[PDB]
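The structure under discussion appears below in the form of structure tokens.
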Number of protein chains: 4
Amino acid sequence: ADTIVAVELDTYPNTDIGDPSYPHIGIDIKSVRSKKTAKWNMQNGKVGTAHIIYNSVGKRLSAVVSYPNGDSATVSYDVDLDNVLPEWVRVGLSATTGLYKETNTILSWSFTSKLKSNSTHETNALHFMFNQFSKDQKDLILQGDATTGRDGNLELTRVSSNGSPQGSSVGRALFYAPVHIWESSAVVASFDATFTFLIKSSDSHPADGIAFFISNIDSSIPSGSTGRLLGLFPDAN
Amino acid sequence: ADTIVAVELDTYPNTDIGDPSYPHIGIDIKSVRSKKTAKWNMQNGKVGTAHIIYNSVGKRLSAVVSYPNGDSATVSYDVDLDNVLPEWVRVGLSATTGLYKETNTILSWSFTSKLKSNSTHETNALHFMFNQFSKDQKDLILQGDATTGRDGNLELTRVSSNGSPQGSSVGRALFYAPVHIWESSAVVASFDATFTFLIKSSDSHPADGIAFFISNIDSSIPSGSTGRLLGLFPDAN
Amino acid sequence: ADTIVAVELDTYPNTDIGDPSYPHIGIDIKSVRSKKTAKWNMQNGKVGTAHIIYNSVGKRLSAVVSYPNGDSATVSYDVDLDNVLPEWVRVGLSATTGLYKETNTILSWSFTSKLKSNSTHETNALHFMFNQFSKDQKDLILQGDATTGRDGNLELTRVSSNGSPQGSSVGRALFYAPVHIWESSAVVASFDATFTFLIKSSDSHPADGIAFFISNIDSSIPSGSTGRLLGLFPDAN
Amino acid sequence: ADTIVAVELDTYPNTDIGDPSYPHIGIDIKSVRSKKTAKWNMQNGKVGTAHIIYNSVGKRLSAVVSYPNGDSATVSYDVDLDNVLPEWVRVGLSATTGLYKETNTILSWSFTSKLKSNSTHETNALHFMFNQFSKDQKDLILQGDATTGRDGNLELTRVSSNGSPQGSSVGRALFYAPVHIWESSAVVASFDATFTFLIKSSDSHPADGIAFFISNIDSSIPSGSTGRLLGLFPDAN
Ligand SMILES: OC[C@H]1O[C@H](Oc2c[nH]c3ccc(Br)c(Cl)c23)[C@@H](O)[C@@H](O)[C@@H]1O
Ligand SMILES: OC[C@H]1O[C@H](Oc2c[nH]c3ccc(Br)c(Cl)c23)[C@@H](O)[C@@H](O)[C@@H]1O
Ligand SMILES: OC[C@H]1O[C@H](Oc2c[nH]c3ccc(Br)c(Cl)c23)[C@@H](O)[C@@H](O)[C@@H]1O
Ligand SMILES: OC[C@H]1O[C@H](Oc2c[nH]c3ccc(Br)c(Cl)c23)[C@@H](O)[C@@H](O)[C@@H]1O
Ligand SMILES: [Ca+2]
Ligand SMILES: [Ca+2]
Ligand SMILES: [Ca+2]
Ligand SMILES: [Ca+2]
Ligand SMILES: [Mn+2]
Ligand SMILES: [Mn+2]
Ligand SMILES: [Mn+2]
Ligand SMILES: [Mn+2]
């Protein structure tokens, strides 16, 4: 199976798999059962911003999610990703719907990774930033139901012609280049990611959420990973 | 055929194809016959640095090549790359040898491209930096004789076990992700590239040189493009 | 007198000093009489974006001004700033009103300067970005009527309590740190600046405009430089 | 008194003030008595690199110091700098000698700070990088014995004509612009700093060390702060 590290913006409480009984943000290390969560007051129809930050010195993965009205939720977890992830990875965004649904619209996404070696003034780095997505966005690998270009956005899950989100959908977008996320001889390895999103739901309950994730380079959507599994995990272990 | 825009560091004068009778730097637009050149005093065995700069507003492609002793050569050419290149490209480094030879060793390479739209505060961008190259450098596409990892460097052309450059060699390295180099609706499109290199030759005449290039995404080494064609062009038209 | 290099967004045609008979953008080298101008269709009450770009290799100063509806104006001028400016400078924004008036509201401002030496991998650089301005913005030097903090913006010229722009006003904001804009031993010196602005006028004719400028470090508003002199020049020579 | 947060590279063990009995790196919050230290094997005459990293989400200040041979030391400390520092600060480097001495030579220094607001896509940021220091480095405030320009370096403490470090010396260099290090309404505030240094000593014991520090904007060298107080603190409380 794939190796997954993710920050989840989980809009639907699945208590059977350890979700608290409210929308929440979470840090997921090789399991959909978050290692740490925080209560998140998701604002229907508003544009939110998620920031994710990590460095190999502090060994603390942190995320904050905020809206323009100033409300925010944060979660941090002590983890040495050198000991979890493979050296080379791909990075991406994933989202799902299940019985319940929501738009999983990404308006922007940026990422920076740096490896600083012990050799003086020697750094390798990658940075990308998307503030618009075209219909043919060649530097993205789209999986599942994900599409680009609708109003210049990235729609991770299926939306009808009229804008209505569909159930039982899963989609992901991965940056085309592999990323060298750590190296044994690096003195510092760090990364940051930011994305903005618009989650909207008309009926009783948004679901299921959006995640930023880091995976093995050949990661694909696991079979049956719609709904609560967020397009990331093959089961809820 | 491919579409190529390149900055050449040409170490060997091929007067039959318009080279001046001295090593030179040149700007090549869809032809190995440079649109503009400047005399370049290549320092055998020293580490040089090339900087390449362009933006769609000024429409001027510029390059400077320097050594630590302060000697430098510069060349600029007025060109609207919006009207030359396809919208999506790959970027890379290329080098060759022919009857005569040299090491074509790359010690570092960085690149930044930005597309700034008319939509306020909306930019797409890509940046990468290599100061070391590993034996398995997954975010590079190596073509021809190019290898990575020897002393942490990128060797564009063939070098023997003992360090001796070989003749009739061609190799290229392209960044793995396609790059969105221009867009009709962009207000500014800009890019910059820098690389450091060590060209060394023992005998009578180094050849043939190193180039930074931008190509169609599916660009491959043209058949028979060793020596004076720099791994870039199928002929000298 | 000060030494000034500026990009002007000139909203009011003063034909006596060489303005064309329409709003225009211009490149000003040591004189308010622009070396080059382009027609600019200023959109009353809309947020515009100006980008300014220069490098010492190409020796071409360029500016583009755009609005979200896609309309833009561009101007470029060949100039070697190494031969014009002092080595150390301050950078800033300036605006004025005269008999006629407008809001000269700055919503964001960024700047990057880099000096790349002949010594391998040695660069000096400065970058700043403002997307909000507080009432006490300590890293700005405010001159004349300029204020910060009103709706988180920078108001270069005087606006009343009720939002009405006042006539005969001049104000500037300079970044607090001096900037090393060129150096004889640098192989490349480059800078970029971007700012977003909202110019609004109720009556017959907006005036007078906004400029991005680079000056001697001790630059101050010249006496009598309201109106057509843009807070930059002591006279119209 | 000033408010100081610092990372110390402490070359001389002063056990009376809580130093361990070996050279060490330490995190100092409002006291020279480090909150956390780690053993540091200082390599006489070699160029070291210090990286310092912090963000307001994770609330963990980290530092690593390394040499090209791969040896490194790291220290991290949980601290919410929002609750320690004033909103506006200056950042700098400090060093001292006492009865014993060493060169405190800085070869490069970079710093980045970012404030990301809850308003979507609104960030304020400052970045600077020095890889060479001139005799008149106008964007630095030099205090005490600090000088710039000797071999293009920053010498924090006094060195004679012939290169010999002098005792009882203290000097600091602060970036000229104040830095907005936190803001109550910011969702993320982060900073990073890196510097390279060459500490050399001829005799029995190097002393006293180098520190990266963040202070109130009007910070000056406290009276009597040579030697073990590192130019940072007025006493050893
Ligand atoms: O989209 C929200 C959820 O819908 C499904 O689970 C259900 C939530 N409430 C229900 C009520 C009845 C039935 Br049958 C089901 Cl499967 C569910 C499943 O698709 C879940 O994976 C998912 O998280
Ligand atoms: O490496 C330098 C050059 O060597 C070859 O051309 C020759 C340069 N001097 C010669 C002398 C004899 C013969 Br045969 C040849 Cl092909 C050459 C060719 O491989 C050229 O493409 C190349 O630029
Ligand atoms: O604000 C626009 C302009 O107003 C003034 O010039 C005039 C423009 N039309 C006028 C009509 C009458 C008189 Br008196 C004057 Cl000074 C002017 C002056 O303040 C100018 O410097 C300025 O550019
Ligand atoms: O430079 C190293 C140290 O030298 C001085 O302390 C001494 C270290 N060993 C000594 C031996 C004798 C005397 Br007197 C003194 Cl003050 C010292 C003092 O200047 C200290 O602050 C300093 O850390
Ligand atoms: Ca859930
Ligand atoms: Ca040639
Ligand atoms: Ca005018
Ligand atoms: Ca000590
Ligand atoms: Mn969950
Ligand atoms: Mn040539
Ligand atoms: Mn004008
Ligand atoms: Mn100590």
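Heavy atoms only: backbone and side chains are in, while hydrogens, waters and symmetry mates are out. Every number for a ligand or one of its atoms is a count from 1 in the order of the listing. Order of the sequence lines sets the chain letters (A, B, ...), proteins ahead of strands, with each chain counted from 1.
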(request) Before giving the answer on ring pair (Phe, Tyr, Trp, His ring centres under 6.0 Å), spell out for C/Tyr100 and C/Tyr12 the whole-Å C-alpha distance, their side-chain angles and the decisive distance to 0.1 Å. (result) CA-CA 9 Å; C/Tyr100 302 123; C/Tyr12 182 86; 5.7 Å; yes
Is there a side-chain contact between [X] and [Y] (heavy atoms, below 4.5 Å)?
X        : Y        : result
C/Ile52  : C/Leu61  : yes
C/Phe191 : C/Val89  : no
B/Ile106 : B/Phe130 : no

(request) Give a yes/no answer: is there an N/O/S atom of B/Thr11 under 3.0 Å from the Ca ion (ligand 6)? (result)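 No N, O or S atom of B/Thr11 is closer than 3.0 Å to the Ca ion (ligand 6), so no.
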(request) Taking both backbone and side-chain atoms into account, decide whether B/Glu8 has an N/O/S atom under 3.0 Å from the Ca ion (ligand 6). (result) no
(message) Using the rule given for side chain to side chain contact (heavy atoms under 4.5 Å, CB included), can you reason through C/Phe133 versus C/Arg150, listing the C-alpha separation, both sets of side-chain angles and the distance that settles it, and then say yes or no?
(response) CA-CA 8 Å; C/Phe133 302 86; C/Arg150 185 177 198 274; over 6 Å; no
(message) Against B/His24, only a single residue in B/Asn41, B/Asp19, B/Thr11, B/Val75 fulfils side-chain contact (heavy atoms from CB on, under 4.5 Å); can you say which?
(response) B/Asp19
(request) Please name the residue in the list B/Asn104, B/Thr97, B/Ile221 that meets the side-chain contact (heavy atoms from CB on, under 4.5 Å) test with B/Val170. (result)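 Going through the options one by one, the only one that passes is B/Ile221.
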(message) What do you get for the angle at the Ca ion (ligand 6) between OD1 on B/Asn14 and OD2 on B/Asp19, to the nearest 10 degrees?
(response) 90°
(message) How large, to 10°, is the angle at the Ca ion (ligand 6) when you draw lines to OD1 on B/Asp10 and to O on B/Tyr12?
(response)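 Output for this angle: 80°, rounded to tens.
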(request) Please report how many protein N/O/S atoms lie under 2.8 Å from the Mn ion (ligand 11). (result) 4
(message) If the threshold is 4.0 Å, N to carboxylate O, is there a salt bridge linking B/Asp208 and B/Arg228?
(response)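 A salt bridge is absent here (no side-chain N lies under 4.0 Å from a carboxylate O).
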